[PDB]
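Coordinates in review
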Amino acid sequence: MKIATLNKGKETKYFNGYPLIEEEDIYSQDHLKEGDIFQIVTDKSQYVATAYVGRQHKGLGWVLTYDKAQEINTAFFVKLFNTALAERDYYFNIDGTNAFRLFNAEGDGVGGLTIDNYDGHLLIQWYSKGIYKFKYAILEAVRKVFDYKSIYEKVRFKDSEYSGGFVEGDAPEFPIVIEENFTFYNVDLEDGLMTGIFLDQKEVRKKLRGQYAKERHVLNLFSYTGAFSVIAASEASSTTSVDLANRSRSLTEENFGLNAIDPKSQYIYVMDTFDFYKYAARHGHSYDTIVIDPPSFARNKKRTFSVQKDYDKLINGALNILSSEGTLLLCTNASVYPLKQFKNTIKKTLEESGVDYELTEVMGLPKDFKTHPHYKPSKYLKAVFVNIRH
Ligand SMILES: Nc1ncnc2c1ncn2[C@@H]1O[C@H](CSCC[C@H](N)C(=O)O)[C@@H](O)[C@H]1O
């Protein structure tokens, strides 16, 4: 019923499957409000696609269907969910992992919607008021497609007093313990934005232990809950974790504890990564593997970090405490920060330092985090293993 018209010469990407309706690409007189279903049409009134309104950035909403006759109802989501579920048969068949993503937004057909499986406890995240409107229809479909002990939610958009919490089912006591790569972690689906682990780094964590941990001093910067450290510690001589947040210490200790690792056999520091570079370098400390996985942006009073602008500083600091033979695991999650450009920054920085280097591995989102083949920013994870000689 409601219509948005494409600007001339902007049709083609949309005809070819581009899922994000860009504000700059369309105009409408139909008063598009969050929640609204609308059709995109060319200047010559050809139907292009059906989308829903959910603004983020320069974005109006997301394409949902190319079938004019398809109504956006429970049966609609039931179909996407079954397809999403079927594409994850591997995660149901593997030992050692009971937590993974079931539905990854636009990669699975609905931008702004994610569903995670934390050992039977589902976490649904909504990235706009727009997609929230469909909560009832979506929940009915969840009930029709998925098995679960409970359902939690989080609202991942501004100006909502309600933040999320328990939805239905049998509520557990948090933290609950999940398993991934035969490694145990605490999770809390009801406390602040983050759950205690980032599932998208499942395979990166595996590789770190498998290939870059044995008998090494492993440094983990911006450690959060110490997940990288926890898994690497079964192989490393010892790990060192560094995070600015007070909580990180006890949370990290506890994760070590779940895996039969004495926290006292590991090093855990609460401080700014950049301060740690100094302290480590002043005490002549060296590490064989340095994991760097910072937030895209962070602020500490006056002090700010931007992944875009400050990554060279991260690399130079690590190098000054990396062993002659050593590996850097350089990661980001910033969708705005494309792999090409990330690799460029890494290369430039390393070339400037005069060290010998080799990008040995480049990893992206795992399969449970299905990306969209016509939307490049969906591929937001970059993890680059770099072997160093200096
Ligand atoms: N300047 C800084 N120095 C060290 N840690 C920082 C920091 N600024 C933010 N952090 C921490 O970085 C974390 C962002 S989350 C990082 C997740 C982590 N890489 C993992 O593998 O799970 C937060 O815990 C935050 O406390």
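Residues numbered from 1 in each chain as written, not as in the entry; some residues may be left out. Heavy atoms only, no water.

- Its official PDB title, as written in the record, is "Crystal structure of methyltransferase".

1. Here we look at the sheet that holds strand β1 (residues 2-6)
- As summarised here, the arrangement of the six strands in space is β2-β6-β5-β4-β1-β3, forming an open sheet in which the pairing is mixed. Strands with a single pairing partner mark the edges of an open sheet, and in this sheet they are β2 (20-22) and β3 (26-27).
- Relative to strand β5 (residues 47-56), strand β4 (residues 37-41) is paired through five bridges, and the arrangement is antiparallel. Its bridge partner being in β5, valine 41 is matched across the sheet by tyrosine 47. (Pairing = 2+ DSSP bridges. Helix = DSSP H or I, 4+ residues; strand = E, 2+ residues; numbered from the N terminus.)

2. Focus on the packing of helix α9 (residues 307-319) against helix α10 (residues 339-353)
- Two elements in contact, α9 and α10, have axes separated by 10 Å at closest approach and are oriented at 45 degrees. With respect to α10, the axis of α9 lies oblique. Between α9 and α10 the crossing geometry is right-handed. Packed against α9, whose contacting residues are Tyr311, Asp312, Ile315, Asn316 and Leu319, the element α10 presents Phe342, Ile346, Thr349, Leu350 and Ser353 at the interface.
- When the residues that make up the contact of α9 with α10 are grouped by side-chain class, the tally is six nonpolar, three polar and one charged. (Axes fitted to C-alpha atoms, helices over the stretch in contact; angles between N-to-C directions. Parallel < 35°, antiparallel > 145°, perpendicular 65-115°, else oblique. Left-handed = near helix turned anticlockwise from the far one by under 90°. Contact = heavy atoms within 4.5 Å. Nonpolar A, V, L, I, M, F, W, Y, C, P; charged D, E, K, R; others polar.)

3. A look at the sheet that holds strand β14 (residues 217-221)
- Sheet architecture is open: seven strands sit in the order β16-β15-β14-β17-β20-β22-β21, paired in mixed fashion. Every other strand in the sheet has two partners, leaving β16 (267-270) and β21 (356-363) as the edge strands with one partner each. Direction aside, the axes of adjacent strands within the sheet are offset by 15 degrees on average.
- Where helix α8 (residues 273-282) meets the sheet, its contacts fall on β14, β15 (238-243), β16 and β17 (287-292), and the angle it forms with β14 comes to roughly 150 degrees.

4. Some details on the layout of surface pockets
- Its boundaries defined by the atoms lining it, the second largest pocket holds a volume of some 380 Å³.
- If you trace the second largest pocket, you find 16 residues lining it, with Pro338, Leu339, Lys340, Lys376 and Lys379 closest to the centre.
- Counting only elements with at least two residues in the lining of the second largest pocket, the list comes to α10 and β21.
- The element best represented in the lining of the second largest pocket is α10, accounting for three residues. (1 Å grid on protein atoms, 1.4 Å probe; cavity = no way out; pocket = protein on both sides within 12 Å on 5 of 7 lines; lining within 4 Å. Points joined across faces, edges and corners; volume = space filled by probe spheres on them.)

5. Considering the site of the ligand
- As a matter of local geometry, the ligand sits amid 15 residues, with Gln201, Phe222, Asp243, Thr273 and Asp293 nearest to it.
- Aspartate 272 is positioned with one of its side-chain polar atoms (N or O) 3.2 Å from a nitrogen atom of the ligand.
- In the complex, the protein chains occlude 89% of the 580 Å² of accessible area that the ligand would expose alone.
- Residues of the shell around the ligand, tallied by class, amount to nine nonpolar, three polar and three charged. (Near = heavy atom within 4 Å. Polar contact = N/O pair within 3.5 Å; in protein donor to acceptor, adjacent residues only side chain to side chain. Areas by Shrake-Rupley, 256 points an atom, 1.4 Å probe, with all protein chains shown as cover.)

6. Remarks on α8
- Where α8 is concerned, the buried positions are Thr273, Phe276, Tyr277 and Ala280. Axial view of α8: buried residues confined to an arc of 110 degrees, hence all on one face. Of the exposed residues in α8, those oriented more than 90 degrees away from the buried face are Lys278 and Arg282.
- Lining the buried residues of α8 we find β14, β15, β16, β17 and α9.
- At the N-terminal boundary of α8, the capping side chain belongs to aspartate 272, with an oxygen 2.9 Å from the backbone nitrogen of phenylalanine 274. (Buried < 20%, exposed > 50% of the residue type's maximum accessible area, 1.4 Å probe, protein only. Arc of directions from axis to C-beta.)

7. Observations regarding the domain arrangement of the protein chain
- When its domains are assigned, the protein chain resolves into domain 1 (1-69), domain 2 (70-174) and domain 3 (175-390).
- Taking only C-alpha atoms, the centre of domain 2 and the centre of domain 3 are 27 Å apart.
- With 29 residues of domain 2 at the interface, the matching set in domain 3 holds 29 residues.
- Across the domain 2/domain 3 interface, buried area totals approximately 2500 Å², and carbon plus sulfur atoms make up 58% of it.
- Three residues, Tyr91, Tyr118 and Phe174, lead the burial of domain 2 against domain 3; their summed loss comes to 28% of the area buried on that side.
- In this assembly, domain 2 and domain 3 are joined by one salt bridge.
- Notably, a salt bridge pairs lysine 370 with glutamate 87, separated by 2.6 Å at the nearest N-O pair.
- Looking at the side of domain 2 that touches domain 3 element by element, the count peaks at four residues for strand β7 (residues 99-104).
- The residue makeup of the side of domain 2 that touches domain 3, split by class, is 11 nonpolar, seven polar and 11 charged. (Domains from an automatic or database assignment. Buried area = accessible area lost by both parts, 1.4 Å probe. Salt bridge = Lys/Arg side-chain N within 4 Å of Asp/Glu carboxyl O.)

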